[PDB]
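Participant: Take a look at this one; I'll ask things after.
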Amino acid sequence: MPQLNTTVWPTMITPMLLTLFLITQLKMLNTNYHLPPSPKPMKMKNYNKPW
Amino acid sequence: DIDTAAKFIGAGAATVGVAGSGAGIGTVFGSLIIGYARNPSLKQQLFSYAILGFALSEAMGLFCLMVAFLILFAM
């Protein structure tokens, strides 16, 4: 079983860490979801005429 | 050699432990059919439980294929 060849293990451990923990994560941060725009048509800080 | 020979019987025997996951997986995806036929509105929550059961079931199944290959090659 080549999986048990413990000599090239450091060749798999590092670039995974360089891919699972740095690169791919750095692409999810660049996938943002904005809150959808429903600005209410009812925003009027008004007041009765001067009386 | 008696060692190279016994490795074939030992690795062959430990593979029978996969028969447990063949049956356990059939029960999970069998109960998912029954459980979904009664409350189909929970389809997404039921399936979440099937995968958890499928994984934990097949987990015990691969522990056997572990020993099956631990004996055949790693020894």
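Within each chain, counting starts at residue 1; across the structure tokens, chains are named A, B, ... in the order shown, with ligands numbered 1 upward in that order.
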Where does chain B meet chain A within 10 Å, residue by residue, with the nearest atom pair and distance in Å to one decimal for each, counting only C-alpha atoms, listed by chain and rising number, as JSON lines?

Facilitator:
```
{"residue": "B:69", "atom": "CA", "partner": "A:1", "partner_atom": "CA", "distance": 8.2}
{"residue": "B:70", "atom": "CA", "partner": "A:1", "partner_atom": "CA", "distance": 8.8}
{"residue": "B:72", "atom": "CA", "partner": "A:1", "partner_atom": "CA", "distance": 9.2}
{"residue": "B:73", "atom": "CA", "partner": "A:1", "partner_atom": "CA", "distance": 6.0}
{"residue": "B:74", "atom": "CA", "partner": "A:1", "partner_atom": "CA", "distance": 6.7}
```

Participant: Could you turn the residues from that selection into a file that holds N, CA and C atoms, as a PDB file, in the first residue's frame?

Facilitator:
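Below you can see selection.pdb, which holds the result:
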```pdb
ATOM      1  N   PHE B  69      -7.072  -4.785   4.449  1.00  0.00           N
ATOM      2  CA  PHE B  69      -5.896  -4.314   3.727  1.00  0.00           C
ATOM      3  C   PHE B  69      -4.699  -4.146   4.651  1.00  0.00           C
ATOM      4  N   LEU B  70      -4.942  -3.916   5.941  1.00  0.00           N
ATOM      5  CA  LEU B  70      -3.853  -3.913   6.907  1.00  0.00           C
ATOM      6  C   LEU B  70      -3.160  -5.263   6.973  1.00  0.00           C
ATOM      7  N   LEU B  72      -3.406  -7.732   4.334  1.00  0.00           N
ATOM      8  CA  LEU B  72      -2.994  -8.195   3.016  1.00  0.00           C
ATOM      9  C   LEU B  72      -1.711  -7.522   2.546  1.00  0.00           C
ATOM     10  N   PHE B  73      -1.535  -6.239   2.852  1.00  0.00           N
ATOM     11  CA  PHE B  73      -0.390  -5.485   2.358  1.00  0.00           C
ATOM     12  C   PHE B  73       0.502  -4.961   3.468  1.00  0.00           C
ATOM     13  N   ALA B  74      -0.069  -4.323   4.487  1.00  0.00           N
ATOM     14  CA  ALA B  74       0.749  -3.743   5.545  1.00  0.00           C
ATOM     15  C   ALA B  74       1.407  -4.786   6.434  1.00  0.00           C
TER      16      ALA B  74
END
```

Participant: Find the spatial neighbours of residue 67 of chain B, counting only C-alpha atoms, within a cut-off of 10 Å - ignore same-chain residues fewer than 5 positions away - and output them as number ranges by chain.

Facilitator: B: 10-11, 13-15, 17, 62, 72-74

Participant: Leaving out residue 60 of chain B and any residue of its chain fewer than 4 positions from it, which residues lie within 8 Å of it when counting only C-alpha atoms, given as a ChimeraX atom specification?

Facilitator: /B:18,21,56,64

Participant: Selected residues, C-alpha atoms, written as a CSV table (one decimal), in the first residue's frame, please.

Facilitator:
```
chain,number,residue,atom,x,y,z
B,18,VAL,CA,-18.7,-5.5,5.2
B,21,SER,CA,-22.9,-2.4,6.3
B,56,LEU,CA,-22.0,5.9,10.7
B,64,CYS,CA,-13.3,-4.1,8.2
```

Participant: Would you compute the distance between atom CA of residue 15 of chain A and atom CA of residue 63 of chain B? Give it in Å to one decimal.

Facilitator: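 Separating atom CA of residue 15 of chain A from atom CA of residue 63 of chain B is a distance of 27.5 Å.
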